[PDB]
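Q: Structure for this input, please:
(one chain, ligands or ions: 1)
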Amino acid sequence: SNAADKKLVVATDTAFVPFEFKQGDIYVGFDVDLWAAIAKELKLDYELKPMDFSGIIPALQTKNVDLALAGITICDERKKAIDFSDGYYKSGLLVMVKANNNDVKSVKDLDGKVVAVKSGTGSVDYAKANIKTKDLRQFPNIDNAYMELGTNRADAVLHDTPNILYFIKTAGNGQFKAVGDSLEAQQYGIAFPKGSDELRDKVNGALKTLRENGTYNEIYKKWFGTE
Ligand code: NA
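A: Residues are numbered from 1 along each chain as shown. Below is the structure in question.
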């Protein structure tokens, strides 16, 4: 076998649930599983390099890294320094309601209710504008906003569709459902250095295949649950 080993350098954020987080002395998450599955098909060898989002692109610029799979969302401004592949996840804001809440079904059914959000999120603006709330409970951590819904001190919560789902699944055990569809949708994608080009198209085809194959659904169930 000698040293024909692929020097592919992969990079992720130190802490970022539920995509790349440390659990059981091993980084775990959706993005890790995705790159593992892609590799199987592409038959390439990877070496995850953990760093702060601050240096992810800066590094890709000098190609100190050859690929990066964090929560990089497709953005044309950034394309001046890097290049993205077809997205692997639909981002956006979702609405959690107690499962027994069969009255609310969407964000427009919230006019005149209590919606819990987190400070420094995009949930605030959408609500400050597209929504007519009798009260906006801006908490500094969603965990507490989840309590409010659990104590029916709020009618529903508004936060990233990924997060709301992980919890509906992890420590959800009912009394928590999702309604409607992801608002302000975006797409998450792998980021390849400008120099790399075929490696990109190769990975693009790989993702088309795995989504064509559809094992993504099972991985989706493991993290974000049933679509
Ligand atoms: Na209740």
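Q: Assess the claim that residue 63 and residue 195 are in contact.
A: Yes: the criterion here is C-beta atoms under 8 Å, and residue 63 meets it with residue 195 at 6.0 Å. The way it works is simple: take the backbone N, C-alpha and C, and place the C-beta from them, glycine included.
Q: Work out for me the element the residue most central in space within the chain sits within.
A: Note on the chain: the residue nearest the mean C-alpha position is residue 162, at 5.1 Å, using C-alpha atoms, centre = their mean. Assigned by DSSP states H and E, residue 162 belongs to helix 161-169.
Q: quick revisit: how near is the residue nearest to the centre of the chain to residue 9?
A: 25 Å (C-beta to C-beta, to the nearest Å).
Q: before we move on, what about residue 212?
A: For residue 212 relative to residue 9 (C-beta to C-beta), the value is 28 Å.
Q: all helices of this structure, in order?
A: 30-42, 53-62, 123-130, 142-150, 161-169, 198-213, 216-224 (DSSP state H).
Q: Single out the most deeply packed of those helices.
A: helix 161-169 (a mean of 20; mean count of other C-beta atoms under 10 Å).
Q: that older thread, which residues does the helix holding residue 162 contact?
A: 17-19, 30, 89-96, 142, 146, 157, 176-178, 182, 223-225 (C-beta atoms under 8 Å, 6 or more residues apart in numbering).
Q: do you know which of the helices of the chain lies nearest residue 102?
A: helix 142-150 (15.2 Å; C-beta to C-beta).
Q: What lies in contact with the closest one?
A: Residues contacting helix 142-150 (C-beta under 8 Å, 6+ apart): 96-98, 114, 116-118, 137, 139, 153-157, 159, 163, 167, 175-176.
Q: Please look at residue 92 and residue 178 and confirm they touch.
A: No: Residue 92 is beyond contact range of residue 178, at 11.6 Å (criterion: C-beta under 8 Å).
Q: per-domain residue ranges of this structure.
A: 9-88+189-224, 91-185 (automatic domain parsing).
Q: Redo those as a markdown table? Include distance to residue 3.
A: Output for the domains of the chain, formatted as a markdown table (distance: least, C-beta to C-beta, whole Å):
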| stretch | distance to residue 3 |
| --- | --- |
| domain 9-88+189-224 | 11 |
| domain 91-185 | 39 |
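Q: Give me the common contacts of residue 63 and residue 195.
A: Between them, residue 63 and residue 195 share no contacting residue, judged by C-beta under 8 Å, 6+ apart.
Q: From the centre of the chain, give me the residue that's furthest out.
A: residue 2 (37.9 Å).
Q: how about it, phi and psi?
A: phi 60, psi -140 (degrees, to the nearest 10).
Q: and the longest strand for this protein?
A: Looking across the chain with DSSP state E, the single longest strand is strand 177-188.
Q: Pull up the gap between the closest residue to residue 15 other than its chain neighbours and residue 49, please.
A: Nearest non-adjacent residue to residue 15, counting by C-beta to C-beta, 6 or more residues apart in numbering: residue 21, 5.9 Å away. In this view, residue 21 and residue 49 are 16 Å apart by C-beta to C-beta.
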